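Engineer: Chains as they are written, first to last, in the deposited numbering: chain A, 14 to 69, 77 to 247, 255 to 331, 334 to 526, 529 to 620, 641 to 676, 689 to 703; chain D, 1 to 130; chain B, 950 to 998. We put the beta carbon where it would ideally sit given N, CA and C, even for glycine. Have a look at this one.
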Amino acid sequence: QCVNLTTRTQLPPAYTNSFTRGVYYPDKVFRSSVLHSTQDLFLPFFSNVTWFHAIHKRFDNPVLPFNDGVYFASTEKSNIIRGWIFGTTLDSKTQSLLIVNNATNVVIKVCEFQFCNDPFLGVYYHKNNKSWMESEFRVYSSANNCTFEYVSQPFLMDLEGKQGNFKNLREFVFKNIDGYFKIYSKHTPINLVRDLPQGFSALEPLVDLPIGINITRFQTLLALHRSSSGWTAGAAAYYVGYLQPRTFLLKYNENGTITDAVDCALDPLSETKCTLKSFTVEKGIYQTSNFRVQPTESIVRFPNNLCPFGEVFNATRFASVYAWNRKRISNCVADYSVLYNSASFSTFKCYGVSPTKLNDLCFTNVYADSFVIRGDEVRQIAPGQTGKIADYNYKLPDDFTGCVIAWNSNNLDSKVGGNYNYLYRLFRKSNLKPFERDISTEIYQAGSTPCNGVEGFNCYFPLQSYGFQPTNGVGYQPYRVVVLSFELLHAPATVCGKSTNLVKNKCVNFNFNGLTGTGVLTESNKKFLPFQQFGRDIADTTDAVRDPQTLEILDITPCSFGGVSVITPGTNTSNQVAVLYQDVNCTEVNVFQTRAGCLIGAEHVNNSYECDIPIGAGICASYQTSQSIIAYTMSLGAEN
Amino acid sequence: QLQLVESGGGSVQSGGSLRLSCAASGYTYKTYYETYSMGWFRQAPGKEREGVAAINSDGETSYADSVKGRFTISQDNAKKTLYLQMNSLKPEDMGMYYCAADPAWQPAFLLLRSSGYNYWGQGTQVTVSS
Amino acid sequence: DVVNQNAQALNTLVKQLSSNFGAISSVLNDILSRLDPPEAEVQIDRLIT
Ligand SMILES: *[C@@H]1O[C@H](CO)[C@@H](O)[C@H](O)[C@H]1NC(C)=O
Ligand SMILES: *[C@@H]1O[C@H](CO)[C@@H](O)[C@H](O)[C@H]1NC(C)=O
Ligand SMILES: *[C@@H]1O[C@H](CO)[C@@H](O)[C@H](O)[C@H]1NC(C)=O
Ligand SMILES: *[C@@H]1O[C@H](CO)[C@@H](O)[C@H](O)[C@H]1NC(C)=O
Ligand SMILES: *[C@@H]1O[C@H](CO)[C@@H](O)[C@H](O)[C@H]1NC(C)=O
């Protein structure tokens with residue numbers, strides 16, 4: 014519940030190592046004495062595992085992740101491990117997988133169980149008539165929303181006193197593959213050599229529950245007993268491991284069990300064992316895989334003339350809605366970051382643009398219908414809004430794409446004399462056309478009077494004037510309205526608008544002038560004409576380049592030098608090896644320079660011997676006298 | 001005509017943790033996109049309709065600094081449903097919440113101004129007792 | 950003739966990479982980073998074939 018542990022102390026994270034553990038049966042398949050390999054989420058050899066234990077003032081309970089899949093050791097003596105809380109986010113809003121056994125039943129409930137602030141199991145009253153009674157059945161608060169309650173057959177809950185050795189060595193492998201919360205276990209009673217768990221172990225499946233949920237966390241229901256405020260915790264430890272996608276080489280016996288299990292990436296000798304499908308390697312040099320120089324990073328060069338954005342947007346001579354000055358925008362740097370920092374706007378409405386890729390994606394033909402109107406008439410210029418503007422003189426179509434940008438200039442365009450020169454339309458004769466300037470300057474005849482210029486009797490003059498007083502309200506302010514229309518995907522893009532540094536002599540992954548290339552970037556010496564950009568080789572590939580931002584001649588040398596060569600003697604002779612990389616320069620990392648490549652882990656000799664293990668270029672290898692692997696030029700014969 | 005359905009109200013105390021939700025209705029989605037400029041325009045008893053939590057089509061959230069640090073507006077574009085996790089309601093959070101609509105893209109300094117919203121929802125009410 | 954024979958063999962083996970083999974282009978990054986990956990699997994399958 015909430016009673017805190019008196020024996021809780023922050024013990025340091027002792028990083029022990031899973032030596033030979035982590036080998037399980039993959040499925041129900043039998044073979045007879047083959048060397049079968051596979052690759053799956055495994056506990057790797059000689060990898061860190063966090064040492065956990067209990068003592069009379078150190079007793080903890082870590083929230084541990086269950087992301088990939090976990091390994092679990094347990095060196096009990098008197099059942100210090102009791103149960104498991106396999107909760108995803110340790111919440112009762114979702115269902116937490118509870119596993120518990122009080123030496124009666126392995127009770128599995130896929131239910132919503134609330135994690136208490138300090139749940140604890142344990143035993144007490146072990147002086148007279150003990151019978152292994154339990155401390156507190158208060159490891160939860162809520163109990164609801166059960167999909168599948170389950171009781172398996174109870175395992176060997178060791179009520180028998182087996183003290184001393186770690187014979188209660190419980191190996192638990194837990195993972196999920198497609199809703200299968202599988203238990204891969206095998207209780208292996210140890211044989212005492214010197215006090216420690218190490219040896220060749222094999223594990224098997226026990227039960228599966230096809231549930232279909234995820235779990236990302238776990239704790240473990242511990243026990244308390246004294247050889255925990257009133258009944259302390261004894262001396263019993265365990266390890267905690269994970270699962271990583273290693274590649275094993277399993278050897279089977281005659282009658283079922285695994286005999287040898289060899290992980291690949293532990294040393295390249297084991298990699299050679301993986302490749303050759305043999306646990307015993309004969310005498311000779313071999314070849315495991317390839318070598319790949321890693322690309323370090325990338326170099327991207329953005330393009331840098335400018336569109337009239339300090340000119341049209343900062344103009345003085347303006348237009349009207351009755352006749353708008355259609356700006357011609359074609360093949361200019363569409364600087365939309367200087368459109369972005371302008372916080373002086375009033376109404377900025379971008380309908381069908383790519384507003385994240387303003388500078389990235391660029392457009393075919395941009396038409397800026399910029400015209401200054403009265404303040405209230407901004408809400409009508411929209412696909413979906415009509416009225417005094419949209420159906421009278423200036424129609425955006427229903428296939429409109431572009432922005433509508435407005436900002437006020439009440440300090441300059443307002444006047445006591447008033448900006449009555451910019452005239453606007455009030456009535457409507459014909460159905461309004463999209464993107465067509467209606468400049469019909471004829472009297473709006475609404476009757477049987479042929480006006481033809483005169484006003485008065487049935488002669489309506491809708492060509493009215495802006496009253497831009499210096500004390501205008503919010504509806505009469507002169508807004509510098511720009512409806513930035515454009516044309517999308519009907520031409521190759523003309524109106525088109529943060530580069531990186533230059534890194535030479537390193538294996539990077541550049542992106543110069545559309546192509547994303549990879550190689551060590553040096554500087555060439557050729558004669559590039561200023562239009563000539565791409566050097567081609569005899570193999571018709573990219574050889575020598577130039578930055579489109581800064582004029583400079585470059586040279587490219589590709590990465591991924593050669594492959595992996597493995598030098599070994601006979602396995603019955605020795606198990607020390609030597610590493611050779613195929614025709615590389617000594618860069619990666641004893642270290643020798645040969646014509647065959649950079650040699651690793653050998654001794655050079657000022658003599659010459661008869662060739663046993665050849666390498667190349669008249670250089671052979673041998674295991675002579689401490690005995691090690693020496694590198695030497697081959698003896699050509701007896702100088703008789 | 002583009003319409004919206006406010007919901008998510010609830011009469012709580014001073015410091016309530018609720019969530020708003022704006023169900024998308026209407027007939028016009030006048031854009032080639034499904035991402036829009038929206039915002040929960042609260043109109044308090046005794047104050048005007050004000051931009052409290054607003055977000056545009058790119059995700060630039062617009063907040064007021066008196067209510068900043070508690071609320072969480074999340075425009076779920078896969079269902080066109082605007083949300084506002086009303087966390088720890090101060091006593092000025094009472095009011096009729098209006099999610100407004102726009103088929104366009106507004107910046108961070110114009111999402112709070114309700115002058116450019118020609119499509120308005122119904123409205124939801126939250127009673128924040130002090 | 951031996952050296953030129955092996956040279957023409959290696960040059961032919963390199964120049965067959967420039968053939969498109971019925972794909973969009975002979976460059977792998979153009980197929981993998983532009984169009985549909987369930988279609989790029991078909992195209993890369995043709996390329997590897
Ligand atoms: C385990 O972690 C420690 C960090 O404390 C590190 O020094 C060590 O190399 C790791 N691996 C092994 C096998 O101990
Ligand atoms: C899968 O795992 C995540 C991570 O905890 C969890 O949030 C989610 O509910 C799980 N189930 C599904 C169906 O995604
Ligand atoms: C054959 O099986 C028996 C029992 O099943 C086992 O004891 C024996 O070790 C097996 N043979 C070999 C060579 O392992
Ligand atoms: C590359 O090899 C040359 C000699 O061939 C040597 O001088 C140089 O140091 C080597 N560079 C690296 C990085 O190994
Ligand atoms: C071989 O002899 C040279 C001098 O000729 C000496 O510099 C070198 O160290 C010797 N090799 C070894 C491995 O000691």
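Is the shortest distance between the beta-carbon of D/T61 and the beta-carbons of chain A less than 8 Å?
Structural biologist: By one-based count along the second sequence, residue 61 of chain D stands at place 61. So no, D/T61 is outside the interface.
Engineer: So, with DSSP's three-state summary, where would you put A/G594?
Structural biologist: Looking up residue 594 of chain A in the first sequence gives position 563. Reduced to three states, the DSSP call for A/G594 is strand.
Engineer: Pick out the complete alpha helix (DSSP H) segments inside the segment 287-327 of chain A, 4 residues or longer, and give them in chain order.
Structural biologist: Listed in chain order, the complete alpha helix (DSSP H) runs (minimum 4 residues) inside the segment 287-327 of chain A are 295-303.
Engineer: Could you check whether the Cβ of D/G116 sits closer than 8 Å to any Cβ belonging to chain A?
Structural biologist: By 1-based counting over the second sequence, the position of residue 116 of chain D is 116. Answer yes: the Cβ-Cβ gap between D/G116 and chain A drops below 8 Å somewhere.
Engineer: Mind checking who A/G447 pairs with in its DSSP beta bridge?
Structural biologist: On the first sequence, position 418 is the one that residue 447 of chain A refers to. A/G447 is not bridged to any residue.
Engineer: If you follow the alpha helix (DSSP H) that A/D586 is part of, which residue opens it and which one closes it?
Structural biologist: Taking the first residue of the first sequence as 1, we reach residue 586 of chain A at position 555. Premise fails: A/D586 lies in the beta strand (DSSP E), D586 to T588, not in any alpha helix (DSSP H).
Engineer: What residues in the segment 961-976 of chain B have a beta carbon less than 8 Å from any beta carbon of chain A?
Structural biologist: Answer in chain order: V963, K964 and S967.
Engineer: Whole angstroms is fine: what's the gap from A/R509's alpha carbon to A/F347's?
Structural biologist: Position 480 of the first sequence, counted from the first residue, corresponds to residue 509 of chain A. Position 318 of the first sequence, counted from the first residue, corresponds to residue 347 of chain A. Using only the alpha carbons, I get a separation of about 8 Å.
Engineer: Cβ of A/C617 versus every heavy atom of ligand 4: is any distance shorter than 7 Å?
Structural biologist: Position 586 of the first sequence, counted from the start, is the residue given in the question as residue 617 of chain A. Yes.
Engineer: At the 8 Å Cβ level, is A/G526 part of the contact set with chain D, yes or no?
Structural biologist: Position 497 of the first sequence holds residue 526 of chain A. Taking Cβ atoms only, chain D never reaches closer than 8 Å to A/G526, which makes this a no.
Engineer: With distance defined between alpha-carbon atoms, name the residue in A/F456, A/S256 and A/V595 nearest to A/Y423.
Structural biologist: In the first sequence, counting from the first residue as 1, residue 423 of chain A sits at position 394. Comparing Cα positions, the closest option is A/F456.
Engineer: Kindly indicate which three-state DSSP category A/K129 falls into: helix, strand or coil?
Structural biologist: Working through the first sequence from its first residue, we reach residue 129 of chain A at position 109. Correct three-state label for A/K129: strand.
Engineer: Helix, strand or coil: which one does DSSP assign to A/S689?
Structural biologist: One-based indexing of the first sequence puts residue 689 of chain A at position 626. In the structure shown, A/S689 sits in coil (DSSP, three-state: anything other than H, G, I, E or B).
Engineer: Below 8 Å on C-beta distance, what does D/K30 contact in chain A?
Structural biologist: Numbered from 1 along the second sequence, position 30 holds the residue referred to as residue 30 of chain D. In chain order: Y380, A411, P412, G413 and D427.
Engineer: Spatial neighbours of A/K462 within its chain, please: C-beta separation below 8 Å, excluding the five flanking residues on both sides.
Structural biologist: Here residue 462 of chain A is taken as the residue at index 433 of the first sequence, counted from 1. Result list for A/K462: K424, in chain order.
Engineer: When the Cα atoms are used, what is the spatial distance from A/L270 to A/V642?
Structural biologist: On the first sequence, residue 270 of chain A is found 243 positions in, with the first residue counted as 1. On the first sequence, residue 642 of chain A is found 591 positions in, with the first residue counted as 1. Approximately 34 Å between the Cα atoms of the pair.
Engineer: What does B/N978 reach in chain A if we use C-beta pairs closer than 9 Å?
Structural biologist: Residue numbering aside, residue 978 of chain B sits at position 29 when the third sequence is read from its first letter. The contacting residues are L546 and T547.
Engineer: Buried or exposed for A/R357, going by 16 or more other Cβ atoms inside 10 Å?
Structural biologist: Locating residue 357 of chain A in the first sequence gives position 328, where the first residue counts as 1. Counting Cβ neighbours within 10 Å, A/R357 comes out exposed, since fewer than 16 surround it.
Engineer: Does ligand 5 have a heavy atom nearer than 7 Å to the CB of A/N657?
Structural biologist: Counting from 1 along the first sequence, the entry for residue 657 of chain A is found at position 606. True, at least one ligand heavy atom lies under 7 Å from that Cβ.
Engineer: Starting from A/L242, trace the beta strand (DSSP E) both ways and give me its first and last residue.
Structural biologist: Here residue 242 of chain A refers to the residue found at position 222 when the first sequence is read from its first residue. Segment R237 to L242, the beta strand (DSSP E) holding A/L242.
Engineer: Check A/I119 in the structure and name its three-state DSSP category.
Structural biologist: Along the first sequence, one-based indexing puts residue 119 of chain A at 99. A/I119: strand per DSSP, three-state reduction.
Engineer: Less than 8 Å separating the beta-carbons of A/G566 and A/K557?
Structural biologist: The sequence position of residue 566 of chain A within the first sequence is 535, counting from 1. The sequence position of residue 557 of chain A within the first sequence is 526, counting from 1. Yes, the Cβ-Cβ distance between A/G566 and A/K557 is below 8 Å.
Engineer: Is D/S129 near ligand 1, judged by its Cβ being under 7 Å from some heavy atom?
Structural biologist: The residue labelled residue 129 of chain D in the question sits at position 129 within the second sequence. No, Cβ of D/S129 sits at least 7 Å from all heavy atoms of ligand 1.
Engineer: Using 10 angstroms around the beta-carbon of A/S45, count the other beta-carbons present and answer buried if the total reaches 16, otherwise exposed.
Structural biologist: Numbered from its first residue, the first sequence carries residue 45 of chain A at position 32. By the 10 Å Cβ count, A/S45 comes out exposed.
Engineer: Roughly how many angstroms separate the alpha carbons of A/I326 and A/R577, rounded to a whole number?
Structural biologist: Reading the first sequence from its first residue, position 299 is the one you call residue 326 of chain A. Reading the first sequence from its first residue, position 546 is the one you call residue 577 of chain A. Their Cα atoms are separated by approximately 13 Å.
Engineer: In the structure shown, what three-state DSSP assignment does D/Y63 receive?
Structural biologist: For the purposes of this step, residue 63 of chain D is taken as the residue at position 63 of the second sequence. Three-state DSSP puts D/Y63 in a strand.
Engineer: Does A/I105 pass the burial test, meaning 16 or more other C-beta atoms within 10 Å, or should it be called exposed?
Structural biologist: On the first sequence, position 85 is the one that residue 105 of chain A refers to. By the 10 Å Cβ count, A/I105 comes out buried.
Engineer: For chain B, check one thing: does any of its Cβ atoms lie closer than 8 Å to the Cβ of A/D389?
Structural biologist: Here residue 389 of chain A is taken as the residue at index 360 of the first sequence, counted from 1. It does not; no Cβ of chain B falls within 8 Å.
Engineer: Can you pull the chain B residues whose beta carbon is under 8 Å from the beta carbon of A/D178, in chain order?
Structural biologist: By one-based count along the first sequence, residue 178 of chain A stands at place 158. Within 8 Å Cβ-Cβ: nothing; A/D178 doesn't reach chain B, min ~54 Å.
Engineer: Under 5 Å from any heavy atom of ligand 3, by CB: list those residues in chain order, please.
Structural biologist: Result (chain order): A/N280, A/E281 and A/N282.
Engineer: Taking the alpha-carbon of A/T393 as reference, which of A/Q115, A/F43 and A/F515 has the nearest alpha-carbon?
Structural biologist: Walking along the first sequence from the start, residue 393 of chain A turns up at place 364. The residue with the shortest Cα to Cα distance from A/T393 is A/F515.
Engineer: At a threshold of 7 Å, does A/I231 count as lining ligand 2 (C-beta to nearest heavy atom)?
Structural biologist: In the first sequence, the residue the question calls residue 231 of chain A occupies position 211. No - ligand 2 has no heavy atom lying nearer than 7 Å to the Cβ of A/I231.
Engineer: Pull up the distance between the alpha-carbon of B/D979 and that of A/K386, whole angstroms please.
Structural biologist: By one-based count along the third sequence, residue 979 of chain B stands at place 30. By one-based count along the first sequence, residue 386 of chain A stands at place 357. Their Cα atoms are separated by approximately 21 Å.
Engineer: Mind listing the chain D neighbours of A/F374? Cutoff is C-beta to C-beta under 8 Å, in chain order.
Structural biologist: Here residue 374 of chain A corresponds to residue number 345 of the first sequence, with the count starting at 1. Per Cβ cutoff of 8 Å: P107, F109 and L110.
Engineer: What span of residues does the alpha helix (DSSP H) with A/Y369 cover, start to end?
Structural biologist: The residue given as residue 369 of chain A occupies position 340 in the first sequence. Start and end: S366 to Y369.
Engineer: Under 8 Å between C-beta atoms, does A/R408 make it to chain D?
Structural biologist: The residue labelled residue 408 of chain A in the question sits at position 379 within the first sequence. Yes, A/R408 lies at the interface with chain D (some Cβ there is under 8 Å from its Cβ).
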